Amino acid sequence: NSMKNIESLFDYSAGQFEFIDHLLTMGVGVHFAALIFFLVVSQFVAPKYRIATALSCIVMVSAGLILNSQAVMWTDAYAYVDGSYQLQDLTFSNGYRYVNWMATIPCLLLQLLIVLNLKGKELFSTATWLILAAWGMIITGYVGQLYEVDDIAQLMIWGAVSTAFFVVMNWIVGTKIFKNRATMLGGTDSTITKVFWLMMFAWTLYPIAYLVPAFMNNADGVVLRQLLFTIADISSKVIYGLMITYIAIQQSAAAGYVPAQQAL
């Protein structure tokens, strides 16, 4: 996969190489620090909603482990030779991000459905279709980025197919949010709507990073992509988790869970 991504085409100045490295290690540090927060506040969440915060812990460790792996692969694959960082070993590719999305995107989608108060049949059926759509999005996206060096037309076709799953997924999410916000407690019917708009904005940065090879095929585009991934990661995983957890606690408290009431 390393020969198929644009990162393998370029030499990097020390500044470019260090910035990328620092983005990845900063992301590791943010995810594992939020992990502790989610772990600690899980005691303030009613049993009904506690799985939602537990899923955030899983997202944090999953996302953090891959960012840590990328950071090490990044420094293993390049060496400072004659004033630049040059490819030494085929060990870095973005594909690990995609495979990980197969795991974390279901987790992120499940926490939302839980705080929406969906139960039994509807929860299982709704989650099945959302996870199938998300996997379809990720799988077609993954195949497309295998062509970002050798076939930009193929990257566009796979991306268009991926974007159809994305659109259908967002329609299911949005429909369930607007049809069920009336069941939300503690005033969180107003909060869940913002989470939906946060999702739209944060998730849409990923297709933009996907397209960098088409509009910025150079070492600065490599940096920009990692920057957009970092903003998208923090927003779609951390800030999103913080809001899901807020909703979990507020509804727990409204539902008469004392640890939630004593903590608010």
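Position 1 is the first residue in the sequence shown; the rest follow in order. Here the rigid core means the biggest group of C-alpha atoms that line up within 1.5 Å when the two forms are laid on top of each other.
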Quiz prompt | Between 70-78 and 87-95, larger RMS Cα displacement in 7 other deposited structures of this protein after core fit | solution = 87-95
Quiz item: Looking only at CA atoms, which has the higher mean B factor in the entry: 187-195 or 130-138?
Solution: 187-195
Quiz item: Which is higher on average in the deposited entry, the C-alpha temperature factors of 24-32 or of 224-232?
Solution: 24-32
Exercise. Sort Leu108, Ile114, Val149, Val161 by C-alpha B-factor from the entry and give me just the highest.
Key: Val149
Self-check item: Largest Cα B-factor, entry values, listed residues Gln145, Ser84, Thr175, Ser93
Solution: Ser93
Self-check item: CA B-factor ranking of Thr104, expressed as a third of its chain
Solution: middle
Quiz prompt | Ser69 - Cα temperature factor, lowest/middle/highest third of chain | solution = middle
Quiz item: Once the chain's modelled residues are ordered by C-alpha B factor and cut into thirds, is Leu155 in the lowest, middle or highest one?
Solution: highest
Quiz prompt | Chain-wide C-alpha B factor ranking for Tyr98, given as lowest, middle or highest third | solution = middle
Quiz item: What third of its chain, lowest, middle or highest, does the C-alpha temperature factor of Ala46 fall into?
Solution: highest
